[PDB]
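Novice: once you've seen the sequence and the experimental structure below, I've got questions.
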Amino acid sequence: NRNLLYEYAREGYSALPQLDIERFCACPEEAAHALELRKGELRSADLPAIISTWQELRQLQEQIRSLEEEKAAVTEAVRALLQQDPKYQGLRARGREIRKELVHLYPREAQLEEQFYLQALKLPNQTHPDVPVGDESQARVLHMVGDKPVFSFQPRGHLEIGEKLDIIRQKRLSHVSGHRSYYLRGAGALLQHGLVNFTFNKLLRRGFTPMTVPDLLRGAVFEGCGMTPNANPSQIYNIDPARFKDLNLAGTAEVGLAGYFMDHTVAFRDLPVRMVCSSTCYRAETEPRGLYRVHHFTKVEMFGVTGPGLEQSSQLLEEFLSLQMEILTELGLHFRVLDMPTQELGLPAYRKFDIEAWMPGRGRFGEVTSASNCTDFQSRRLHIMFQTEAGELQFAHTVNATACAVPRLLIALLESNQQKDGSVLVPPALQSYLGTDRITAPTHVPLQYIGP
Amino acid sequence: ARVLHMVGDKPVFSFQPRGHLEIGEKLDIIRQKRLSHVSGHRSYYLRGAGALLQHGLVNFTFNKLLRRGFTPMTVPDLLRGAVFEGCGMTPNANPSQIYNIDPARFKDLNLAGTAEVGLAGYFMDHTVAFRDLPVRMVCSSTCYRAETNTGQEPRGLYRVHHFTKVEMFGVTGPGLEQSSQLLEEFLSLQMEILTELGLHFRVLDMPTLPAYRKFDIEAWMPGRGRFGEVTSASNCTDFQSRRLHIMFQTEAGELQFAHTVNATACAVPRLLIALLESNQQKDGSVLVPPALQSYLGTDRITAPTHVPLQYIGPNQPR
RNA sequence: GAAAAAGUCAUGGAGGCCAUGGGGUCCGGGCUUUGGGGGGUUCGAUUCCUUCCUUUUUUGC
Ligand SMILES: Nc1ncnc2c1ncn2[C@@H]1O[C@H](COS(=O)(=O)NC(=O)[C@@H](N)CO)[C@@H](O)[C@H]1O
Ligand SMILES: Nc1ncnc2c1ncn2[C@@H]1O[C@H](COS(=O)(=O)NC(=O)[C@@H](N)CO)[C@@H](O)[C@H]1O
């Protein structure tokens, strides 16, 4: 067990994470209460040890600084003086003793700092007072748009509709792409591309900046984003260490954008700078069938960096949620906006807002988009600072929203626009992209298996 | 290795043409400095007009093919070793160009090095109808490559680990004439796309493993001063079918090995290198071609209004 | 993707601070130029060993 951020700080790749433990060090009761409500990896029965280690590290650092000051002073004195002089011999002996003490105290301090940082990086972020407490069951409802479409017959599943239209293939795909795979064909791919282009244009029309991030990122970006690349119960893919070392797959475009903005200032006049990026995302994830839970899936994520004020960050998150609601209303999908609890917020999240669409074929609502606001978790981890008009650097805020997810959107559209005959209608916004008012049966003949 | 056609002309400028990287860095559309730890070496970060250019080049050819009749199909990105070996790729060796997944976490999982393998796996052990032929399917996906040429042009976008490619696969009948005509159609389609974009290119026939014929299209690059391959259409007569047991049901009903044809529609790295080095201006501007004007929205690219991102890291002179 | 060389205004020596060639300001003269980052030997390491990064040489798909 180790931490990539500490390794980078040790090797000099980046500065040491400037944690805000002191923010709550003055009132351990509030921090313990928040940790208990979040119920993260770290419990409330281990904070005192972390504080004790931090205090000991501070004292050792102070003693080391004092010793370094004395050594520098004696070295300067020797330099200004410049063998048999008793003063020279005394200074040499004092320097030897100081060096011995420094080498004796250095490993102790290094081990203490390593332990303290490895125990402190596991702490979660703050929580908004308006965020309800409890499990997923305690999800507050904020807005409900649309209604459940009325069906004159039993609605069929999304997988069944896709197999009938020959647009989504999932049978006998083990030897092709492992489990939880699919092959979008025809109208399925056309609908996916239309949705992606529509979302991209709608986002570019409101001032957003398009971007493109890689898919193979190092574990450092994930650790700074608040993830666990190397872990037994992890779900993030990892390339072969023999072929490449310290390389991981991009779980989401947000990680790529954070890596891009890592160690880079932003102009105050340019802030808030928002960037939308559409790319594929892979997740091990190790329902039993369908496109609900898949490994690889296309997605467009919006990352915004605003000023330091919480009012500005809140307004940015509100704007993102409003844009997502307008996109869903434009596409014609019945959904509900929920407020995630403290136990499901996450490590870096502070105020998460999820969106659940109505899936008649599934029989219940399903999450199809999420948005979160992190005040300083990412900035303090990746050292994402920003300068002001004067010239001082301050940690900026970061908000990450999911513009659209093709798997859940396709599931919702196929289960909502279905018909009695078997066709699926198209919304009034993607008709231009699809070139068809409705999706009829396919003209080509499906493939027949002739293998073992 | 013999050239067959040559369309277009080399641009003319009153100054020494600059490189694509220099223009991108000046306009701040791409970034490649200080990314060894973020996304490894050789990793670009497109922004501003760069992303709009990529989307334009990934939605122009796709739409053009969709208007001529094409069956779009989205393929996966995590293929198995069987599909890779069936195509003719051997990731078992150490100096391979296919990213291998950790065997401890997964078993026999390999990253998709290109969309060709993904489109080939769709027909693995599946008989296609006779009337459906010819079956053409375009697929735009991200392709990763483990090995790059570091010695030659290391600081550049020519050879990058990950890119966004758009391939065009085609399944034809058992007759070689049909496969040849389909390859000719694909070549003419890509040539028309290149001409519409306004890029000077040259098509050539490579000499002489599993592919029977390979047509390579190399675009002009004033900044580099030498042509560069931008596409390569290969024609495998029966290697893919013989390795993957791909067949088709004829009229009589007997199973036969079907001919496969694959061709690259467009590569974003090379297309943007050609566009940046060809449409160069005196003040670093970049004129948008007459086809991507509707997508980019700007008749002439200019310097960005926002301030570029500085560096506040330890690796800097203080 | 691998192996090798250099290292910050340039050349050359110098672990206790430089010679020459340089850049800018002021009256040929004068002022003035601390070396890319993180680790070890040392009383003090821009100089001895190692690592990150920038540049350069060989091999290869
Ligand atoms: N294993 C998965 N398979 C398919 N789709 C998924 C999977 N996990 C999440 N999604 C989809 O992607 C959306 C993104 O929400 S999220 O993963 O929990 N949050 C993020 O990705 C952060 N980068 C902020 O957006 C989900 O709402 C859901 O629609
Ligand atoms: N390392 C690379 N980095 C970026 N782009 C590449 C790279 N290698 C090939 N390409 C792009 O892909 C095109 C086809 O070359 S190829 O990858 O070797 N051949 C194929 O992909 C086959 N599927 C032919 O359809 C090239 O012309 C170039 O545009």
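Specialist: Happy to help now that I have it. Numbering: from 1, shown residues only, chains lettered A, B, ... in the order given. Ligands and ions are numbered 1, 2, ... in the order given.
Novice: helix/strand/coil for the residue in the stretch 51-200 of chain A positioned nearest to RNA strand C?
Specialist: For the stretch 51-200 of chain A, the residue closest to RNA strand C is residue A:95, as judged by Cβ to the nearest atom of the strand, at 3.2 Å. For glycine as for every other residue, the C-beta is placed from the backbone atoms N, C-alpha and C. Following DSSP: H, G, I helix; E, B strand; the rest coil, we place residue A:95 in the helix state.
Novice: helix/strand/coil for the closest residue to it other than its chain neighbours?
Specialist: Spatial nearest neighbour of residue A:95, excluding adjacent residues (Cβ to Cβ, 6 or more residues apart in numbering or on different chains): residue A:74 at 5.6 Å. Using three-state DSSP, the structure places residue A:74 in helix.
Novice: which ones are touching the residue nearest to the spatial centre of chain B?
Specialist: The centroid of chain B falls nearest to residue B:267 when counting by Cα atoms, centre = their mean (3.0 Å). The contact partners of residue B:267, taken as Cβ atoms under 8 Å, 6 or more residues apart in numbering or on different chains, are B:163, B:164, B:165, B:166, B:230, B:231.
Novice: tell me the spacing between the first one and residue A:24.
Specialist: Counting by Cβ to Cβ, to the nearest Å, the gap from residue B:163 to residue A:24 is 46 Å.
Novice: in which helix or strand does residue A:144 reside?
Specialist: Using DSSP states H and E, residue A:144 falls within strand A:140-145.
Novice: in terms of secondary structure, what does that strand contact?
Specialist: Secondary-structure packing of strand A:140-145 (3 or more Cβ pairs under 8 Å, 6 or more residues apart in numbering or on different chains; DSSP states H and E): helix A:310-331, strand A:335-339.
Novice: what about the nearest residue to residue B:209 once chain neighbours are set aside, how many neighbours?
Specialist: Excluding its sequence neighbours, the residue lying closest to residue B:209 (Cβ to Cβ, 6+ apart) is residue B:88, at 7.1 Å. A count of nearby residues for residue B:88, using other Cβ atoms under 10 Å in any protein chain shown, gives 15.
Novice: so what's residue B:88 up against?
Specialist: Neighbours of residue B:88 in contact, by Cβ under 8 Å, 6+ apart: B:209, B:210, B:236, B:239, B:240, B:243.
Novice: repeat that for residue B:295.
Specialist: Per Cβ under 8 Å, 6+ apart, neighbours of residue B:295: B:52, B:55, B:56, B:59, B:60.
Novice: among these, which are located in helices?
Specialist: B:52, B:55, B:56, B:59 (DSSP state H).
Novice: list buried residues within these.
Specialist: B:52, B:55, B:56, B:59 (16 or more other Cβ atoms under 10 Å in any protein chain shown).
Novice: ok, and the closest non-adjacent residue to the third one?
Specialist: It stands for residue B:56. residue B:295 (3.7 Å).
Novice: helices along the stretch 1-150 of chain B, start to end?
Specialist: B:20-27, B:36-39, B:49-59, B:61-68, B:81-87, B:115-121 (DSSP state H, counting those that start in this stretch).
Novice: now what about the longest one, what contacts it?
Specialist: Contact with helix B:49-59 is made by A:197, A:200, A:204, A:209-212, A:277, B:24, B:27, B:29-30, B:46, B:140, B:164, B:166, B:197, B:266, B:268, B:271-272, B:275, B:286, B:292, B:295-298, B:301, as judged by Cβ under 8 Å, 6+ apart.
Novice: for the second one, same thing?
Specialist: Helix B:36-39 has contacts (Cβ under 8 Å, 6+ apart) with A:8, A:13-14, A:213-214, A:216-218, A:220-221, A:256, A:259-260, A:262, B:45.
Novice: closest one of those to residue B:217?
Specialist: residue A:214 (26.2 Å; Cβ to Cβ).
Novice: my guess is the closest one contacts residue A:256. True?
Specialist: Yes. Applying Cβ atoms under 8 Å as the test, residue A:214 and residue A:256 come out as touching, 5.8 Å apart.
Novice: which residues are common contacts for these two?
Specialist: By Cβ under 8 Å, 6+ apart, the residues touching both residue A:214 and residue A:256 are A:250, B:39.
Novice: who wins for most neighbours among the contacts of residue B:267?
Specialist: Neighbour-wise, the contacts of residue B:267 (other Cβ under 10 Å) top out at residue B:231, 27 neighbours.
Novice: give me the three-state assignment for it.
Specialist: strand.
Novice: give me the distance between it and RNA strand C.
Specialist: To RNA strand C, residue B:231 is 17 Å away according to Cβ to the nearest atom of the strand, to the nearest Å.
Novice: show me the contacts for that residue.
Specialist: B:190, B:216, B:217, B:263, B:264, B:265, B:266, B:267, B:270.
Novice: doesn't the fifth one lie inside a helix?
Specialist: No. Residue B:264 sits outside any helix when classified using three-state DSSP, being strand.
Novice: so which residues of chain A form helices?
Specialist: Going by DSSP H, chain A shows helices at A:4-11, A:21-25, A:28-38, A:47-81, A:86-120, A:158-165, A:174-177, A:187-204, A:219-225, A:253-261, A:310-331, A:377-382, A:406-416, A:431-434.
Novice: for chain B, which residue gets nearest to chain A?
Specialist: Residue nearest to chain A within chain B (Cβ to the nearest Cβ): residue B:125, separated by 3.1 Å.
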